[PDB]
Amino acid sequence: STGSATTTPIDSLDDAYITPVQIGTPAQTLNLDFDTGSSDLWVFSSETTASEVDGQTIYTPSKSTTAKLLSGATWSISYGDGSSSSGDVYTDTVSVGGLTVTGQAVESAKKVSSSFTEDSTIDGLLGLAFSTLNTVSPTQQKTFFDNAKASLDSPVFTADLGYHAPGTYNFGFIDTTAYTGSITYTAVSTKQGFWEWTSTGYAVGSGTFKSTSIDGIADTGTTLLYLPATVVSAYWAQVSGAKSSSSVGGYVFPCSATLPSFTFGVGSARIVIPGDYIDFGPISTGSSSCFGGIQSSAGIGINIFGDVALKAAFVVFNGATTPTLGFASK
């Protein structure tokens, strides 16, 4: 089997991407944030505190003839940005782009933090990291991809995020028309439950490539590119007027600037992030100070190859017995 679904930026900045997901019988379609940095599939629901729902589409398990309460199961998750959600668990039929899993754990939110309430475009998350991170207790649950894996033509999914435009998540196959050149594969450590790999270095604009190992995670659920302070300093030093602002919470730059590209290494291959991808617009409406798409990972504890990086590539998440990551230009 295979699946193929279009993923769409939620706003003009590509702050996140939503992908339609069919849940239950008859289908209830929710737009979920596919997140290779977490491993819970959770949804706004009929159980969600009513004051914490503001525009989202909800899953109503009582209207699904295939929904079954997973007795005693609860979940609770906190994300790197400080947002959180929690609730109980159903199993139900979940389909993504024609690909169907029966008995998928669908985690029903009873509570969500303000950040989720305030984002009316995101109806929940579909986690695609390793199932070892799944927060369901007392019986940990498998991700959609883990459940689908055996049925897939090939145990892979691919992320093809668009810059200010729709893209694609494919399951079970590699679309050889979706990228240019070759796919370069690189080793993954699952030790922290993430798609964790080591970039071989970086370049700023037309500058020379610096060979240096950068351990990080491929995370579709993080908007920006978070790298070591040395790297990030080297990047923003090439932008006149750029500075790290503690009041804003990161590097800002004059909106009048033309940003240089940023290249990261995948083995011997190179992925080029165009400068425009690194512009996240005015810090506040009408401001001439713009927020940078490359930020320091210092104090995060891990480097994150978020959407800013991933959207510059065709990315293969290879879930073979020994997982790997593949990157191609496109």
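For the sequence shown, mature numbering (1 follows the signal peptide of the UniProt record, and there is no 0) gives the first residue as 70, with consecutive numbering after it. Just so it is clear, CB atoms sit at the ideal spot from N, CA and C, and this is done for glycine as well.
Between the CA atoms of residue j and residue i - distance to the nearest angstrom
i: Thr269; j: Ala256; result: 12 Å
i: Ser145; j: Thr277; result: 45 Å
i: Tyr128; j: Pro323; result: 43 Å
i: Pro235; j: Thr75; result: 7 Å
i: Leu168; j: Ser309; result: 48 Å
i: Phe213; j: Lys312; result: 41 Å
i: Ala381; j: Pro343; result: 8 Å
i: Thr143; j: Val163; result: 19 Å
DSSP three-state assignment for residue i, whether helix, strand or coil
i: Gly274; result: coil
i: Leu221; result: coil
i: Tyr232; result: coil
i: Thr281; result: strand
i: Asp161; result: strand
i: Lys179; result: strand
i: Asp192; result: coil
i: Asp244; result: coil
i: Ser153; result: strand
i: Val90; result: strand
i: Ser184; result: helix
i: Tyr304; result: helix
i: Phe213; result: helix
Nearest neighbour of residue i, chosen from the options [CA to CA]
i: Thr105; options: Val321, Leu195 and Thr354; result: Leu195
i: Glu187; options: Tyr238, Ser153, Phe226 and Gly368; result: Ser153
i: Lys132; options: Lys399, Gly362 and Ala96; result: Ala96
i: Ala378; options: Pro207, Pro130, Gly231 and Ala142; result: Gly231
i: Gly336; options: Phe396, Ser315, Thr291 and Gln364; result: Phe396
i: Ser81; options: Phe226, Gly250, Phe333 and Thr190; result: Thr190
i: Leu294; options: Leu221, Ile79, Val225 and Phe349; result: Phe349
i: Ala303; options: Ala287, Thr253 and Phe331; result: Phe331
For this session: Take every Cβ of the segment 364-374, pair it with every Cβ of the segment 282-289, and state whether three or more of those distances are shorter than 8 Å.
Result: Yes, since at least three Cβ pairs between the segment 364-374 and the segment 282-289 fall closer than 8 Å, the two stretches touch.
For this session: Tell me the start and end of each unbroken alpha helix (DSSP H) in the segment 314-390 that is at least 4 residues and wholly inside, in chain order.
Result: Whole alpha helix (DSSP H) segments, 4+ residues: 376-379.
For this session: With a floor of 3 residues, list each beta strand (DSSP E) that falls wholly inside the segment 93-134, ordered by position along the chain.
Result: Qualifying beta strand (DSSP E) stretches, in chain order: 97-104 and 110-112.
Exercise. Three or more beta-carbon pairs under 8 Å between the segment 107-122 and the segment 198-211, yes or no?
Worked result: Yes: at least three Cβ pairs fall under 8 Å.
Exercise. Does the segment 173-192 touch the segment 148-162, meaning 3 or more C-beta pairs lie closer than 8 Å?
Worked result: Contact holds: three or more Cβ-Cβ distances are below 8 Å.
For this session: Take every Cβ of the segment 356-371, pair it with every Cβ of the segment 307-327, and state whether three or more of those distances are shorter than 8 Å.
Result: The answer is yes - the segment 307-327 touches the segment 356-371, with three or more Cβ pairs under 8 Å.
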